[PDB]
$ cat protein.cif   # mmCIF, N, CA and C atoms and all ligand atoms
data_entry
loop_
_atom_site.group_PDB
_atom_site.id
_atom_site.type_symbol
_atom_site.label_atom_id
_atom_site.label_comp_id
_atom_site.auth_asym_id
_atom_site.auth_seq_id
_atom_site.Cartn_x
_atom_site.Cartn_y
_atom_site.Cartn_z
ATOM 1 N N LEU Z 1 9.376 -9.240 -0.952
ATOM 2 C CA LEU Z 1 10.208 -8.938 -2.108
ATOM 3 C C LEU Z 1 10.498 -7.436 -2.174
ATOM 4 N N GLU Z 2 11.687 -7.069 -2.663
ATOM 5 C CA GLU Z 2 12.125 -5.684 -2.780
ATOM 6 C C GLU Z 2 11.816 -5.171 -4.190
ATOM 7 N N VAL Z 3 10.991 -4.129 -4.282
ATOM 8 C CA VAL Z 3 10.571 -3.480 -5.513
ATOM 9 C C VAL Z 3 11.217 -2.094 -5.597
ATOM 10 N N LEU Z 4 11.864 -1.780 -6.719
ATOM 11 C CA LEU Z 4 12.467 -0.471 -6.929
ATOM 12 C C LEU Z 4 11.468 0.403 -7.681
ATOM 13 N N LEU Z 5 11.183 1.583 -7.130
ATOM 14 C CA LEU Z 5 10.293 2.558 -7.725
ATOM 15 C C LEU Z 5 11.155 3.390 -8.673
ATOM 16 N N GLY Z 6 11.093 3.052 -9.963
ATOM 17 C CA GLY Z 6 11.843 3.677 -11.035
ATOM 18 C C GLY Z 6 13.034 2.799 -11.405
ATOM 19 N N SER Z 7 13.282 2.563 -12.695
ATOM 20 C CA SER Z 7 14.382 1.715 -13.152
ATOM 21 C C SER Z 7 15.715 2.454 -13.212
ATOM 22 N N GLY Z 8 15.979 3.249 -12.184
ATOM 23 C CA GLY Z 8 17.177 4.057 -12.007
ATOM 24 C C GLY Z 8 17.232 5.246 -12.963
ATOM 25 N N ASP Z 9 17.091 4.991 -14.263
ATOM 26 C CA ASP Z 9 17.164 5.973 -15.339
ATOM 27 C C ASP Z 9 15.936 6.893 -15.417
ATOM 28 N N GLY Z 10 15.359 7.271 -14.276
ATOM 29 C CA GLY Z 10 14.220 8.176 -14.180
ATOM 30 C C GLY Z 10 12.891 7.600 -14.674
ATOM 31 N N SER Z 11 12.919 6.544 -15.494
ATOM 32 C CA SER Z 11 11.705 5.954 -16.046
ATOM 33 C C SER Z 11 10.748 5.533 -14.932
ATOM 34 N N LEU Z 12 9.501 5.974 -15.071
ATOM 35 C CA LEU Z 12 8.418 5.804 -14.123
ATOM 36 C C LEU Z 12 7.830 4.397 -14.172
ATOM 37 N N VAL Z 13 8.631 3.404 -13.785
ATOM 38 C CA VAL Z 13 8.218 2.005 -13.774
ATOM 39 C C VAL Z 13 8.538 1.337 -12.435
ATOM 40 N N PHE Z 14 7.659 0.431 -11.998
ATOM 41 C CA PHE Z 14 7.857 -0.359 -10.791
ATOM 42 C C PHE Z 14 8.704 -1.546 -11.238
ATOM 43 N N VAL Z 15 9.809 -1.838 -10.552
ATOM 44 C CA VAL Z 15 10.680 -2.952 -10.901
ATOM 45 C C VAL Z 15 10.700 -3.953 -9.738
ATOM 46 N N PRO Z 16 9.988 -5.095 -9.810
ATOM 47 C CA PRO Z 16 9.120 -5.542 -10.896
ATOM 48 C C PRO Z 16 7.774 -4.804 -10.871
ATOM 49 N N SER Z 17 7.009 -4.925 -11.961
ATOM 50 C CA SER Z 17 5.683 -4.334 -12.106
ATOM 51 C C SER Z 17 4.649 -5.446 -11.918
ATOM 52 N N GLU Z 18 4.703 -6.467 -12.778
ATOM 53 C CA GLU Z 18 3.825 -7.626 -12.735
ATOM 54 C C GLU Z 18 4.645 -8.755 -12.117
ATOM 55 N N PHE Z 19 4.163 -9.400 -11.050
ATOM 56 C CA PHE Z 19 4.912 -10.478 -10.411
ATOM 57 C C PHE Z 19 4.031 -11.366 -9.521
ATOM 58 N N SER Z 20 4.672 -12.330 -8.854
ATOM 59 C CA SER Z 20 4.070 -13.294 -7.947
ATOM 60 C C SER Z 20 4.869 -13.303 -6.648
ATOM 61 N N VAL Z 21 4.191 -13.539 -5.522
ATOM 62 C CA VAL Z 21 4.778 -13.620 -4.192
ATOM 63 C C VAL Z 21 4.009 -14.671 -3.391
ATOM 64 N N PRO Z 22 4.625 -15.338 -2.406
ATOM 65 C CA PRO Z 22 3.923 -16.298 -1.573
ATOM 66 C C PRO Z 22 2.995 -15.576 -0.582
ATOM 67 N N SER Z 23 1.984 -16.291 -0.088
ATOM 68 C CA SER Z 23 1.047 -15.773 0.901
ATOM 69 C C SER Z 23 1.807 -15.286 2.135
ATOM 70 N N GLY Z 24 1.577 -14.035 2.538
ATOM 71 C CA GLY Z 24 2.231 -13.432 3.688
ATOM 72 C C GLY Z 24 3.537 -12.734 3.320
ATOM 73 N N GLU Z 25 3.880 -12.622 2.030
ATOM 74 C CA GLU Z 25 5.108 -11.939 1.656
ATOM 75 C C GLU Z 25 5.072 -10.474 2.096
ATOM 76 N N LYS Z 26 6.213 -10.021 2.618
ATOM 77 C CA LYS Z 26 6.475 -8.672 3.063
ATOM 78 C C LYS Z 26 7.111 -7.939 1.881
ATOM 79 N N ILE Z 27 6.297 -7.220 1.113
ATOM 80 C CA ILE Z 27 6.776 -6.484 -0.041
ATOM 81 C C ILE Z 27 7.323 -5.157 0.473
ATOM 82 N N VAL Z 28 8.484 -4.755 -0.039
ATOM 83 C CA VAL Z 28 9.169 -3.522 0.292
ATOM 84 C C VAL Z 28 9.251 -2.752 -1.019
ATOM 85 N N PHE Z 29 8.910 -1.468 -1.015
ATOM 86 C CA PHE Z 29 8.959 -0.601 -2.182
ATOM 87 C C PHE Z 29 9.893 0.545 -1.825
ATOM 88 N N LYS Z 30 10.954 0.781 -2.608
ATOM 89 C CA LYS Z 30 11.932 1.835 -2.335
ATOM 90 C C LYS Z 30 12.030 2.863 -3.464
ATOM 91 N N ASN Z 31 12.089 4.151 -3.106
ATOM 92 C CA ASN Z 31 12.245 5.255 -4.046
ATOM 93 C C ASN Z 31 13.634 5.189 -4.673
ATOM 94 N N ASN Z 32 13.720 4.650 -5.892
ATOM 95 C CA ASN Z 32 14.977 4.524 -6.614
ATOM 96 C C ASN Z 32 15.242 5.803 -7.398
ATOM 97 N N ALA Z 33 14.319 6.131 -8.303
ATOM 98 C CA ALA Z 33 14.409 7.310 -9.157
ATOM 99 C C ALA Z 33 13.030 7.650 -9.717
ATOM 100 N N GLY Z 34 12.869 8.834 -10.309
ATOM 101 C CA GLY Z 34 11.595 9.251 -10.890
ATOM 102 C C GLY Z 34 10.508 9.510 -9.841
ATOM 103 N N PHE Z 35 10.911 9.742 -8.589
ATOM 104 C CA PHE Z 35 10.018 10.067 -7.483
ATOM 105 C C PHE Z 35 9.452 11.475 -7.773
ATOM 106 N N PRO Z 36 8.404 11.942 -7.081
ATOM 107 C CA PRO Z 36 7.729 11.300 -5.971
ATOM 108 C C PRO Z 36 6.920 10.061 -6.352
ATOM 109 N N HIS Z 37 6.698 9.180 -5.376
ATOM 110 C CA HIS Z 37 5.962 7.950 -5.589
ATOM 111 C C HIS Z 37 5.183 7.543 -4.345
ATOM 112 N N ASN Z 38 4.304 6.561 -4.515
ATOM 113 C CA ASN Z 38 3.493 5.943 -3.483
ATOM 114 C C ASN Z 38 2.988 4.644 -4.104
ATOM 115 N N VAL Z 39 2.308 3.808 -3.323
ATOM 116 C CA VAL Z 39 1.784 2.537 -3.790
ATOM 117 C C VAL Z 39 0.349 2.436 -3.295
ATOM 118 N N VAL Z 40 -0.607 2.649 -4.196
ATOM 119 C CA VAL Z 40 -2.028 2.595 -3.904
ATOM 120 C C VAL Z 40 -2.554 1.362 -4.622
ATOM 121 N N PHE Z 41 -3.393 0.565 -3.960
ATOM 122 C CA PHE Z 41 -3.949 -0.637 -4.551
ATOM 123 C C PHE Z 41 -5.322 -0.325 -5.128
ATOM 124 N N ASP Z 42 -5.612 -0.880 -6.302
ATOM 125 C CA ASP Z 42 -6.883 -0.672 -6.968
ATOM 126 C C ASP Z 42 -7.948 -1.449 -6.190
ATOM 127 N N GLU Z 43 -8.852 -0.727 -5.524
ATOM 128 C CA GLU Z 43 -9.923 -1.268 -4.695
ATOM 129 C C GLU Z 43 -10.712 -2.425 -5.317
ATOM 130 N N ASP Z 44 -10.859 -2.453 -6.644
ATOM 131 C CA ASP Z 44 -11.567 -3.530 -7.318
ATOM 132 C C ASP Z 44 -10.630 -4.728 -7.500
ATOM 133 N N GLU Z 45 -9.442 -4.483 -8.051
ATOM 134 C CA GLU Z 45 -8.456 -5.508 -8.354
ATOM 135 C C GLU Z 45 -7.643 -5.930 -7.122
ATOM 136 N N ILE Z 46 -8.338 -6.376 -6.072
ATOM 137 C CA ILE Z 46 -7.777 -6.908 -4.833
ATOM 138 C C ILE Z 46 -8.786 -7.908 -4.255
ATOM 139 N N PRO Z 47 -8.347 -8.950 -3.532
ATOM 140 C CA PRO Z 47 -9.263 -9.884 -2.907
ATOM 141 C C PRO Z 47 -9.993 -9.167 -1.768
ATOM 142 N N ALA Z 48 -11.313 -9.046 -1.924
ATOM 143 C CA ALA Z 48 -12.263 -8.379 -1.032
ATOM 144 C C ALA Z 48 -11.929 -8.468 0.460
ATOM 145 N N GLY Z 49 -11.464 -9.634 0.920
ATOM 146 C CA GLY Z 49 -11.103 -9.863 2.312
ATOM 147 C C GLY Z 49 -10.153 -8.793 2.863
ATOM 148 N N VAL Z 50 -9.234 -8.286 2.033
ATOM 149 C CA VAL Z 50 -8.270 -7.273 2.436
ATOM 150 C C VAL Z 50 -8.711 -5.920 1.880
ATOM 151 N N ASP Z 51 -9.270 -5.054 2.731
ATOM 152 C CA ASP Z 51 -9.679 -3.725 2.302
ATOM 153 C C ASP Z 51 -8.445 -2.929 1.853
ATOM 154 N N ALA Z 52 -8.553 -2.236 0.717
ATOM 155 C CA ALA Z 52 -7.509 -1.422 0.101
ATOM 156 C C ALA Z 52 -6.732 -0.554 1.083
ATOM 157 N N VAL Z 53 -7.419 0.063 2.048
ATOM 158 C CA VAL Z 53 -6.793 0.929 3.041
ATOM 159 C C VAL Z 53 -5.697 0.177 3.804
ATOM 160 N N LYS Z 54 -5.819 -1.147 3.930
ATOM 161 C CA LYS Z 54 -4.845 -1.954 4.649
ATOM 162 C C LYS Z 54 -3.561 -2.179 3.845
ATOM 163 N N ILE Z 55 -3.582 -1.996 2.516
ATOM 164 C CA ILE Z 55 -2.398 -2.196 1.678
ATOM 165 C C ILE Z 55 -1.928 -0.921 0.970
ATOM 166 N N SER Z 56 -2.814 0.053 0.771
ATOM 167 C CA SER Z 56 -2.520 1.287 0.064
ATOM 168 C C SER Z 56 -1.877 2.359 0.934
ATOM 169 N N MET Z 57 -0.768 2.931 0.460
ATOM 170 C CA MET Z 57 -0.125 4.054 1.120
ATOM 171 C C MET Z 57 -1.131 5.213 0.995
ATOM 172 N N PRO Z 58 -1.609 5.826 2.092
ATOM 173 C CA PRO Z 58 -2.592 6.900 2.037
ATOM 174 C C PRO Z 58 -2.235 7.982 1.016
ATOM 175 N N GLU Z 59 -3.119 8.229 0.038
ATOM 176 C CA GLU Z 59 -2.969 9.220 -1.028
ATOM 177 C C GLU Z 59 -2.407 10.561 -0.538
ATOM 178 N N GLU Z 60 -2.835 10.979 0.654
ATOM 179 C CA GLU Z 60 -2.418 12.215 1.301
ATOM 180 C C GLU Z 60 -0.889 12.300 1.421
ATOM 181 N N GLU Z 61 -0.251 11.156 1.662
ATOM 182 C CA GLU Z 61 1.174 11.011 1.860
ATOM 183 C C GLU Z 61 1.832 10.399 0.622
ATOM 184 N N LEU Z 62 3.136 10.636 0.468
ATOM 185 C CA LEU Z 62 3.903 10.079 -0.628
ATOM 186 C C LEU Z 62 5.401 10.111 -0.328
ATOM 187 N N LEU Z 63 6.111 9.156 -0.926
ATOM 188 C CA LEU Z 63 7.544 9.004 -0.836
ATOM 189 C C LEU Z 63 8.071 10.088 -1.772
ATOM 190 N N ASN Z 64 8.412 11.223 -1.178
ATOM 191 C CA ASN Z 64 8.847 12.442 -1.840
ATOM 192 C C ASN Z 64 10.350 12.495 -2.090
ATOM 193 N N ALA Z 65 11.164 12.045 -1.135
ATOM 194 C CA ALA Z 65 12.618 12.068 -1.230
ATOM 195 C C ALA Z 65 13.136 10.715 -1.735
ATOM 196 N N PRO Z 66 14.335 10.655 -2.338
ATOM 197 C CA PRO Z 66 14.920 9.397 -2.782
ATOM 198 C C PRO Z 66 15.207 8.510 -1.570
ATOM 199 N N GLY Z 67 15.382 7.204 -1.782
ATOM 200 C CA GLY Z 67 15.719 6.291 -0.698
ATOM 201 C C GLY Z 67 14.531 5.894 0.179
ATOM 202 N N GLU Z 68 13.565 6.793 0.411
ATOM 203 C CA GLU Z 68 12.384 6.500 1.220
ATOM 204 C C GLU Z 68 11.738 5.176 0.794
ATOM 205 N N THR Z 69 11.266 4.405 1.775
ATOM 206 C CA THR Z 69 10.676 3.092 1.584
ATOM 207 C C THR Z 69 9.229 3.038 2.085
ATOM 208 N N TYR Z 70 8.492 2.029 1.617
ATOM 209 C CA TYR Z 70 7.140 1.675 2.026
ATOM 210 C C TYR Z 70 7.160 0.153 2.147
ATOM 211 N N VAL Z 71 6.382 -0.427 3.063
ATOM 212 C CA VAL Z 71 6.351 -1.867 3.281
ATOM 213 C C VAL Z 71 4.898 -2.306 3.431
ATOM 214 N N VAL Z 72 4.558 -3.503 2.944
ATOM 215 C CA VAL Z 72 3.213 -4.049 3.046
ATOM 216 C C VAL Z 72 3.287 -5.580 3.045
ATOM 217 N N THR Z 73 2.494 -6.232 3.902
ATOM 218 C CA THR Z 73 2.460 -7.686 4.034
ATOM 219 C C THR Z 73 1.180 -8.209 3.384
ATOM 220 N N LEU Z 74 1.289 -8.942 2.271
ATOM 221 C CA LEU Z 74 0.113 -9.453 1.571
ATOM 222 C C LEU Z 74 -0.230 -10.866 2.044
ATOM 223 N N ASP Z 75 -1.044 -10.947 3.099
ATOM 224 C CA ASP Z 75 -1.491 -12.192 3.709
ATOM 225 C C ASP Z 75 -2.291 -13.098 2.766
ATOM 226 N N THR Z 76 -3.498 -12.658 2.417
ATOM 227 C CA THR Z 76 -4.465 -13.442 1.669
ATOM 228 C C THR Z 76 -4.104 -13.606 0.194
ATOM 229 N N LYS Z 77 -4.310 -14.814 -0.338
ATOM 230 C CA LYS Z 77 -4.064 -15.133 -1.737
ATOM 231 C C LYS Z 77 -4.977 -14.302 -2.635
ATOM 232 N N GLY Z 78 -4.548 -14.067 -3.876
ATOM 233 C CA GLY Z 78 -5.330 -13.322 -4.848
ATOM 234 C C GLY Z 78 -4.434 -12.493 -5.756
ATOM 235 N N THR Z 79 -5.056 -11.622 -6.546
ATOM 236 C CA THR Z 79 -4.394 -10.735 -7.487
ATOM 237 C C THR Z 79 -4.587 -9.323 -6.957
ATOM 238 N N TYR Z 80 -3.489 -8.622 -6.679
ATOM 239 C CA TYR Z 80 -3.500 -7.280 -6.132
ATOM 240 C C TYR Z 80 -2.852 -6.324 -7.129
ATOM 241 N N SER Z 81 -3.648 -5.481 -7.790
ATOM 242 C CA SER Z 81 -3.110 -4.497 -8.724
ATOM 243 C C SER Z 81 -2.867 -3.190 -7.981
ATOM 244 N N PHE Z 82 -1.751 -2.521 -8.279
ATOM 245 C CA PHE Z 82 -1.375 -1.280 -7.626
ATOM 246 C C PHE Z 82 -0.846 -0.262 -8.621
ATOM 247 N N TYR Z 83 -0.728 0.977 -8.148
ATOM 248 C CA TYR Z 83 -0.274 2.099 -8.945
ATOM 249 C C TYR Z 83 0.322 3.212 -8.093
ATOM 250 N N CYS Z 84 1.103 4.073 -8.752
ATOM 251 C CA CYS Z 84 1.723 5.253 -8.166
ATOM 252 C C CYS Z 84 0.865 6.422 -8.614
ATOM 253 N N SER Z 85 0.025 6.962 -7.726
ATOM 254 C CA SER Z 85 -0.937 7.989 -8.110
ATOM 255 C C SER Z 85 -0.389 9.119 -8.995
ATOM 256 N N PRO Z 86 0.639 9.887 -8.587
ATOM 257 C CA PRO Z 86 1.166 10.972 -9.405
ATOM 258 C C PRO Z 86 1.712 10.533 -10.772
ATOM 259 N N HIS Z 87 1.820 9.227 -11.058
ATOM 260 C CA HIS Z 87 2.310 8.736 -12.341
ATOM 261 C C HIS Z 87 1.403 7.635 -12.903
ATOM 262 N N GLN Z 88 0.156 7.535 -12.423
ATOM 263 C CA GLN Z 88 -0.787 6.543 -12.929
ATOM 264 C C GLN Z 88 -0.951 6.770 -14.434
ATOM 265 N N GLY Z 89 -1.210 8.024 -14.819
ATOM 266 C CA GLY Z 89 -1.368 8.429 -16.208
ATOM 267 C C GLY Z 89 -0.149 8.057 -17.056
ATOM 268 N N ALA Z 90 1.048 8.064 -16.454
ATOM 269 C CA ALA Z 90 2.287 7.716 -17.139
ATOM 270 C C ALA Z 90 2.492 6.196 -17.197
ATOM 271 N N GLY Z 91 1.523 5.408 -16.720
ATOM 272 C CA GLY Z 91 1.583 3.958 -16.736
ATOM 273 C C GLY Z 91 2.367 3.382 -15.561
ATOM 274 N N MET Z 92 2.629 4.160 -14.502
ATOM 275 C CA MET Z 92 3.356 3.624 -13.360
ATOM 276 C C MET Z 92 2.387 2.794 -12.511
ATOM 277 N N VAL Z 93 2.115 1.575 -12.984
ATOM 278 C CA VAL Z 93 1.233 0.596 -12.368
ATOM 279 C C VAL Z 93 1.936 -0.755 -12.212
ATOM 280 N N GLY Z 94 1.270 -1.710 -11.559
ATOM 281 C CA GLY Z 94 1.785 -3.053 -11.380
ATOM 282 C C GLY Z 94 0.690 -4.000 -10.896
ATOM 283 N N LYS Z 95 1.033 -5.288 -10.818
ATOM 284 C CA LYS Z 95 0.126 -6.357 -10.440
ATOM 285 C C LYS Z 95 0.893 -7.465 -9.729
ATOM 286 N N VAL Z 96 0.655 -7.623 -8.426
ATOM 287 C CA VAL Z 96 1.313 -8.643 -7.630
ATOM 288 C C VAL Z 96 0.314 -9.756 -7.319
ATOM 289 N N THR Z 97 0.726 -10.989 -7.600
ATOM 290 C CA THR Z 97 -0.080 -12.189 -7.436
ATOM 291 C C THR Z 97 0.311 -12.921 -6.150
ATOM 292 N N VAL Z 98 -0.565 -12.919 -5.149
ATOM 293 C CA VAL Z 98 -0.309 -13.583 -3.893
ATOM 294 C C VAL Z 98 -0.697 -15.042 -4.108
ATOM 295 N N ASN Z 99 0.324 -15.870 -4.317
ATOM 296 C CA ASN Z 99 0.220 -17.291 -4.589
ATOM 297 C C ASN Z 99 -0.006 -18.031 -3.275
HETATM 298 CU CU CU F 1 5.711 7.565 -9.339
#

$ encode --input "protein.cif" --output "structure tokens"
Amino acid sequence: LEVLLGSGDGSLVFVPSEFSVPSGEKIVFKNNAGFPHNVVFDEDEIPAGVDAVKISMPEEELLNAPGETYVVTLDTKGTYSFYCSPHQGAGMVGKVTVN
């Protein structure tokens, strides 16, 4: 599924934020507006089988320019919560449900 990082109008929201995807879905995250951004998964709020490092964009790096994309394949079923580190405090979080 294609997720827009920012609802165009600069607002620091993942579009969608809370959602569902089938097992093995290839999620794509694109810098729409309100960048810089990244997609880090909450190490607790993920199915243990998939270590966070396998789904989280390394904190060291970030989608700094507009248009830049990130991609991740969520194999195992479960609830995967994620956030944009530089805007975590601003509520730029989400929750994807691998059905
Ligand atoms: Cu952000």

$ residues_around --input "protein.cif" --residues "range 40-52 of chain Z" --least-positions-apart "6" --cutoff "6.5 Å" --atoms "only N, CA and C atoms" --output "list in words"
residues 77, 78, 79, 80, 81, 82, 83, 84 and 85 of chain Z

$ resolve_selection --input "protein.cif" --expression "the PyMOL selection byres (((not hetatm)) within 5 of (chain F and resi 1))" --output "PyMOL selection string"
chain Z and resi 36-37+84+87

$ write_last_selection --input "protein.cif" --atoms "N, CA and C atoms" --output "CSV table (one decimal), in the coordinates of the input"
chain,number,residue,atom,x,y,z
Z,36,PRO,N,8.4,11.9,-7.1
Z,36,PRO,CA,7.7,11.3,-6.0
Z,36,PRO,C,6.9,10.1,-6.4
Z,37,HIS,N,6.7,9.2,-5.4
Z,37,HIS,CA,6.0,8.0,-5.6
Z,37,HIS,C,5.2,7.5,-4.3
Z,84,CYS,N,1.1,4.1,-8.8
Z,84,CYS,CA,1.7,5.3,-8.2
Z,84,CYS,C,0.9,6.4,-8.6
Z,87,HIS,N,1.8,9.2,-11.1
Z,87,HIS,CA,2.3,8.7,-12.3
Z,87,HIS,C,1.4,7.6,-12.9

$ residues_around --input "protein.cif" --residues "residue 65 in chain Z" --least-positions-apart "4" --cutoff "10 Å" --atoms "only C-alpha atoms" --output "ChimeraX atom specification"
/Z:31-33,35-37,69

$ resolve_selection --input "protein.cif" --expression "the PyMOL selection byres (((chain Z and resi 3-20) around 6.5) and not hetatm)" --output "PyMOL selection string"
chain Z and resi 1-2+21-22+27-35+90-99

$ select_by_dssp --input "protein.cif" --residues "range 17-47 of chain Z" --states "strand (DSSP E)" --output "compact mmCIF listing (two decimals) with N, CA and C atoms, in the frame of the given file"
# COMPACT_ATOMS: atom_id res chain seq x y z
N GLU Z 18 4.70 -6.47 -12.78
CA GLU Z 18 3.82 -7.63 -12.74
C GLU Z 18 4.64 -8.76 -12.12
N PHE Z 19 4.16 -9.40 -11.05
CA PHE Z 19 4.91 -10.48 -10.41
C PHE Z 19 4.03 -11.37 -9.52
N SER Z 20 4.67 -12.33 -8.85
CA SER Z 20 4.07 -13.29 -7.95
C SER Z 20 4.87 -13.30 -6.65
N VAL Z 21 4.19 -13.54 -5.52
CA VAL Z 21 4.78 -13.62 -4.19
C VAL Z 21 4.01 -14.67 -3.39
N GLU Z 25 3.88 -12.62 2.03
CA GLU Z 25 5.11 -11.94 1.66
C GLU Z 25 5.07 -10.47 2.10
N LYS Z 26 6.21 -10.02 2.62
CA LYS Z 26 6.48 -8.67 3.06
C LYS Z 26 7.11 -7.94 1.88
N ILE Z 27 6.30 -7.22 1.11
CA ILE Z 27 6.78 -6.48 -0.04
C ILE Z 27 7.32 -5.16 0.47
N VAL Z 28 8.48 -4.76 -0.04
CA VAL Z 28 9.17 -3.52 0.29
C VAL Z 28 9.25 -2.75 -1.02
N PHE Z 29 8.91 -1.47 -1.01
CA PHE Z 29 8.96 -0.60 -2.18
C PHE Z 29 9.89 0.55 -1.82
N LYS Z 30 10.95 0.78 -2.61
CA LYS Z 30 11.93 1.84 -2.34
C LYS Z 30 12.03 2.86 -3.46
N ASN Z 31 12.09 4.15 -3.11
CA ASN Z 31 12.24 5.26 -4.05
C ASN Z 31 13.63 5.19 -4.67
N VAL Z 40 -0.61 2.65 -4.20
CA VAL Z 40 -2.03 2.60 -3.90
C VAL Z 40 -2.55 1.36 -4.62
N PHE Z 41 -3.39 0.56 -3.96
CA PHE Z 41 -3.95 -0.64 -4.55
C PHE Z 41 -5.32 -0.32 -5.13

$ atom_distance --input "protein.cif" --atom1 "CA of residue 25 in chain Z" --atom2 "CA of residue 38 in chain Z"
18.7 Å

$ closest_residue --input "protein.cif" --among "Z:76, Z:56, Z:39, Z:63" --to "residue 23 in chain Z" --atoms "only N, CA and C atoms"
Z:76

$ build_atoms --input "protein.cif" --residues "range 63-77 of chain Z" --atoms "N, CA, C and O atoms" --output "CSV table (one decimal), in the frame of the given file"
chain,number,residue,atom,x,y,z
Z,63,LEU,N,6.1,9.2,-0.9
Z,63,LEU,CA,7.5,9.0,-0.8
Z,63,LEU,C,8.1,10.1,-1.8
Z,63,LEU,O,8.1,9.9,-3.0
Z,64,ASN,N,8.4,11.2,-1.2
Z,64,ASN,CA,8.8,12.4,-1.8
Z,64,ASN,C,10.4,12.5,-2.1
Z,64,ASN,O,10.8,12.9,-3.2
Z,65,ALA,N,11.2,12.0,-1.1
Z,65,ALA,CA,12.6,12.1,-1.2
Z,65,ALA,C,13.1,10.7,-1.7
Z,65,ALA,O,12.4,9.7,-1.6
Z,66,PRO,N,14.3,10.7,-2.3
Z,66,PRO,CA,14.9,9.4,-2.8
Z,66,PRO,C,15.2,8.5,-1.6
Z,66,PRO,O,15.3,9.0,-0.4
Z,67,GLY,N,15.4,7.2,-1.8
Z,67,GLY,CA,15.7,6.3,-0.7
Z,67,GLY,C,14.5,5.9,0.2
Z,67,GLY,O,14.5,4.8,0.7
Z,68,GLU,N,13.6,6.8,0.4
Z,68,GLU,CA,12.4,6.5,1.2
Z,68,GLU,C,11.7,5.2,0.8
Z,68,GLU,O,11.7,4.9,-0.4
Z,69,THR,N,11.3,4.4,1.8
Z,69,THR,CA,10.7,3.1,1.6
Z,69,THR,C,9.2,3.0,2.1
Z,69,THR,O,8.8,3.9,2.9
Z,70,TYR,N,8.5,2.0,1.6
Z,70,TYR,CA,7.1,1.7,2.0
Z,70,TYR,C,7.2,0.2,2.1
Z,70,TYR,O,7.9,-0.5,1.4
Z,71,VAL,N,6.4,-0.4,3.1
Z,71,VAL,CA,6.4,-1.9,3.3
Z,71,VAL,C,4.9,-2.3,3.4
Z,71,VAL,O,4.1,-1.6,4.0
Z,72,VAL,N,4.6,-3.5,2.9
Z,72,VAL,CA,3.2,-4.0,3.0
Z,72,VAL,C,3.3,-5.6,3.0
Z,72,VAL,O,4.1,-6.2,2.3
Z,73,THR,N,2.5,-6.2,3.9
Z,73,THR,CA,2.5,-7.7,4.0
Z,73,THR,C,1.2,-8.2,3.4
Z,73,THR,O,0.1,-7.9,3.9
Z,74,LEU,N,1.3,-8.9,2.3
Z,74,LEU,CA,0.1,-9.5,1.6
Z,74,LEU,C,-0.2,-10.9,2.0
Z,74,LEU,O,0.2,-11.9,1.5
Z,75,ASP,N,-1.0,-10.9,3.1
Z,75,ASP,CA,-1.5,-12.2,3.7
Z,75,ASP,C,-2.3,-13.1,2.8
Z,75,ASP,O,-1.8,-14.2,2.4
Z,76,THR,N,-3.5,-12.7,2.4
Z,76,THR,CA,-4.5,-13.4,1.7
Z,76,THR,C,-4.1,-13.6,0.2
Z,76,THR,O,-3.7,-12.7,-0.4
Z,77,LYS,N,-4.3,-14.8,-0.3
Z,77,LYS,CA,-4.1,-15.1,-1.7
Z,77,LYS,C,-5.0,-14.3,-2.6
Z,77,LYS,O,-6.1,-13.9,-2.2
